[PDB]
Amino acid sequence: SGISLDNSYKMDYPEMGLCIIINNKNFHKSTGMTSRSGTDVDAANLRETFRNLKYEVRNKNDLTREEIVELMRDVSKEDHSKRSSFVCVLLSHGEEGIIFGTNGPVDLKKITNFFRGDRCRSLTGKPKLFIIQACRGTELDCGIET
C-alpha cells in the first residue's frame, strides 16, 4: 500500500475501551472527611460524555481503599485485546500522589502500576488515561489581573 505513518494511536478496535469512574462522595465518619457535594453531578456528566464517545462506562460509588485496589487489580486482569484504550476517572479528596478511599489513602502509583506495559499486556501500546479530580496539596493560587 501507500506511505504508512504511525503518528496516531489505533482507535478503531471493536471497542473504545472501559471508562471506570470512582465517585467517592461520602467518607467514613471515623476519618472526619467531609462529603464532596456536587460530585454526583461530575459523575453523571462524565458517564454521559464518555458514553457518547462509545466507552463502556462503569461507575463505582464510595469505595474503601481496599475496594479501589481490588477494582483496579480486577480491571487490569481483564482481556483488553479488543479495546482501543483505557480510561479511569478518580473523583475524591486527595494530596500530592494520593487519592482517598472512604476509609483511607491509596497511592496513585499503586493504582496505575496495575496497568504498566509489562503488567497488563492487553493494553501494552495503547493509551491509558487517568483523569484526577482531587487536591494535590494545600497551596492557593491568588491569580493575577489581566
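Rigid core here is just the name for the largest C-alpha set that superposes within 1.5 Å across the two forms. Throughout, we count residues from 1 along the sequence that is shown.
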> So if we fit everything on the core, which stretch drifts more in 7 other deposited structures of this protein, 24-32 or 95-103, C-alphas only?
Replying inline: 24-32
> Should the higher mean CA B-factor in the entry be assigned to 88-96 or to 34-42?
Replying inline: 34-42
> Averaging C-alpha B-factors over each stretch, which comes out higher, 58-66 or 24-32?
Replying inline: 24-32
> Thinking about Cα B factors across the chain, which third does residue 122 belong to?
Replying inline: middle
> Lowest, middle or highest third: where is residue 47 by C-alpha B factor in its chain?
Replying inline: lowest
